[PDB]
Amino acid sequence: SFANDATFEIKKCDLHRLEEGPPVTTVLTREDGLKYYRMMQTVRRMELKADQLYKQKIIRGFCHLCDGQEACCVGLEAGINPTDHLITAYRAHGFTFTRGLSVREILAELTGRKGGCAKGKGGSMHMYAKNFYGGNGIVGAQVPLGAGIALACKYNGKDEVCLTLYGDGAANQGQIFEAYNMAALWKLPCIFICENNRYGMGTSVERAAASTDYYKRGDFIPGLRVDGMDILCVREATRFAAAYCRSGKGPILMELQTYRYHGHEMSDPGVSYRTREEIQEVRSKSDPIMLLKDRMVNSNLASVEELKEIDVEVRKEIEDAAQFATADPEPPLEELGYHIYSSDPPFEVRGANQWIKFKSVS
């Protein structure tokens, strides 16, 4: 009864220094659709759970949520190989999951427990995984790093690429332009990605950038502007950019036009610089999960009942993970000084006063 695959139309990308861009049509199989839906829904529930835990003071400090931007992390993953590389800023919960970590390890890190993916040492902004380099807290600092990871791919001749993400606010960082130059100079297989959710903390793009065409800021580097609310559009543009880089043509820019439902972070209500009506209009008209769901039901790739069942399974996965994250013990004080240096013999580190000594093992 179910169609095994269906064809969909996707918004044509605006181009900068490119003769042709990604196709304006693509095929989605039932199996892939089911996976993408489950993945985005898992990211959504994880972020909503994170919100709840933060209000309960179980999560502290920073907590940047990515709900509303799920077509980006899942779409980007769908267009690359597990052997490829990716790095982004601090709004990375989604990427940490799409790259391979379980909800359990992610939530336990947010709650600062021993079972956290970073052992409770990093928190919300610093999480790493196989071929995933964070999770970086200094705006723009991750761009040169991504270019460096790209340099390594070329150096070892693996035919792998590196996606390097930064936000619209970050786009005005000087080091990003320094990176553009070197990446083009050495034809690094680096995909510069600007996640444009319209605001840099509390500053709109129009008040922060003289030019709001982020996909063209690379100047000499080609670029394309993409609909960051459409999972298929992101997947297609990503496959196009990755293929471009694997061909040896050098770097390319990709601007994903998306939106964040929550404020900059937990302490930002998110309504001093934008209206509540703006946020809800985006949600009812462009929610990434809603858009995929409608496509799959209409094309008969899946039933509304099947998608609902997936939601139930996901909700339980989240709840079972949050239970573990809140019950898991904190790291033992005795390991406070662990992992300062790699591959070194053990040594002692000073605490609040000379009489407090912590052992440090690699």
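Numbers follow the displayed sequence, beginning with 1.
S.K.: Decide which of the stretches 165 to 173 and 101 to 109 has the higher mean C-alpha B-factor, going by the entry.
M.R.: The deposited B-factors put 101 to 109 ahead on the C-alpha mean.
S.K.: Regarding 186 to 194 and 245 to 253, which shows the higher C-alpha temperature factor on average in the entry?
M.R.: Per the PDB entry, the higher value belongs to 245 to 253.
S.K.: Just to confirm, going by the entry's C-alpha B-factors, which of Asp51, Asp311, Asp328, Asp67 comes out highest?
M.R.: The listed residue with the largest C-alpha B-factor is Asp328.
S.K.: Please work out which residue in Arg91, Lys158, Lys216, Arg260 has the highest C-alpha B-factor recorded for this crystal structure.
M.R.: Across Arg91, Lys158, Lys216, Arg260, the entry lists the biggest C-alpha B-factor for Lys158.
S.K.: In terms of the chain's CA B-factor thirds, is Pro269 lowest, middle or highest?
M.R.: It falls in the top third of the chain.
S.K.: Of the three thirds of its chain by CA temperature factor, lowest, middle or highest, which one includes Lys130?
M.R.: For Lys130, whose C-alpha B-factor we compare with every modelled residue in the chain, the answer is the highest third.
S.K.: For the chain shown, is the CA B-factor of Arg45 in the lowest, middle or highest third of its modelled residues?
M.R.: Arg45: CA B-factor falls in the lowest third of its chain.
S.K.: Ordered by C-alpha B-factor within the chain, which third holds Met39? Give me lowest, middle or highest, please.
M.R.: Its C-alpha B-factor, which the entry lists for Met39, ranks in the lowest third among residues of this chain.
S.K.: By its CA B factor, does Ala152 count among the lowest, middle or highest third of the modelled residues in the chain?
M.R.: It falls in the bottom third of the chain.
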